[PDB]
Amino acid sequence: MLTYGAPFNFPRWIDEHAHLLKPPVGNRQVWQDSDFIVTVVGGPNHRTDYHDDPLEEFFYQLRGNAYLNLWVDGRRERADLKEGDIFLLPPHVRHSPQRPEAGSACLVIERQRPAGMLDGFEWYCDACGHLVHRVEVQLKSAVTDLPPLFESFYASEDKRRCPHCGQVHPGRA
């Protein structure tokens, strides 16, 4: 009835899964089929998508440094996750995690979205800042529903084309 197992040493768990906390994978969920989605995210990794999580996200940067590109008060802002920092992100704050360092490790905790509560993923234009593309997803498993989504955005000039100034978003990088 300990559905998720006995306690276990977290530093050794992170050491042991080092090879998963690098490209191409980068992150690894700790427990399966739980309400709390508990993930360790490594590096390096950069991304252009912004996430619209309808729930809160908890961050604890155990190893290395990272940062969150945000949209707060309509203005682009950056929040640093220095090694040792903890942080709670309010629901719906657009965020784009940048993880420049190898060997970094960040604990991220979220919960399973209830049916009908959708995650959004959006890109914004470097030229005029308008919204470029947005996909909403009933997010049941990030590693499975998200890659195909990001890929169809990079593959389509149409999706990448800003409706305000015509600039075509660079895509992946």
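Just count from 1 along the sequence shown to find any residue number.
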Averaging CA B factors per stretch from the PDB record, which one is higher: 66 to 74 or 29 to 37? 66 to 74
Of 137 to 145 and 100 to 108, which one has the bigger average CA B-factor? 137 to 145
Could you look up the Cα B-factor of residue 130 in the entry and say which third of the chain it sits in: lowest, middle or highest? highest
Lowest, middle or highest third: which one holds residue 59 when the chain's residues are ordered by CA B-factor from the entry? lowest
Where does the C-alpha B-factor of residue 5 rank in its chain, lowest, middle or highest third? middle
Please say which third, lowest, middle or highest, residue 124 falls into when its CA temperature factor is compared across its chain. highest
